[PDB]
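Positions of Cβ are backbone-derived with ideal geometry, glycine not excepted, and every protein chain shown enters the neighbour counts. The numbers here are math on the coordinates, done by the rules we state, and not lab data.
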Amino acid sequence: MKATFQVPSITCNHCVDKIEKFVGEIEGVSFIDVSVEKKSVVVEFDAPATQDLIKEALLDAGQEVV
């Protein structure tokens, strides 16, 4: 139960705080991992979540991920 994405619009802390505030708890988030120098993002989600939940939240939060 883990996910691995990448936010091409990284390179900042304000974005991490915004995505962490939303992703910090998406009714099924184990741990939101982010990589600025690598421009990657690894998030763990439990059974009450889905990569469509972290996207709907992270995307609606103001972040982009392909």
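So is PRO8 over 16 Å from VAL65 (Cα atoms) and in a loop (DSSP other than H, G, I, E, B) or not? No; evaluated as a whole, the condition is false for this residue. Entry remark, segment 1-11: residues being without any contact (Cβ under 8 Å) to a residue 40 or more places away in the chain, surrounded by 11 or more Cβ atoms within 10 Å (Cβ to Cβ) and more than 10 Å from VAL42 (Cα to Cα) number 1 in total.
Restricting to segment 16-42, give me the number of residues that are buried (at least 18 other Cβ atoms within 10 Å of the Cβ) and either farther than 11 Å from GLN6 by Cβ or in contact (Cβ under 8 Å) with a residue 60 or more places away in the chain (or both). Write out each step before concluding.
Looking only at segment 16-42, we keep the residues that are buried (at least 18 other Cβ atoms within 10 Å of the Cβ), and these are 19, 22-23, 26, 29, 32, 34, 41.
Next cut, either farther than 11 Å from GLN6 by Cβ or in contact (Cβ under 8 Å) with a residue 60 or more places away in the chain (or both) only: 19, 22-23, 26, 29, 32.
Qualifying residue count, segment 16-42: 6.
Restricting attention to segment 12-38, the residues being of a type in the set (A, V, I, L, M, F, W, C), over 14 Å from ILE54 (Cβ atoms) and assigned to a loop (DSSP other than H, G, I, E, B) number 2.
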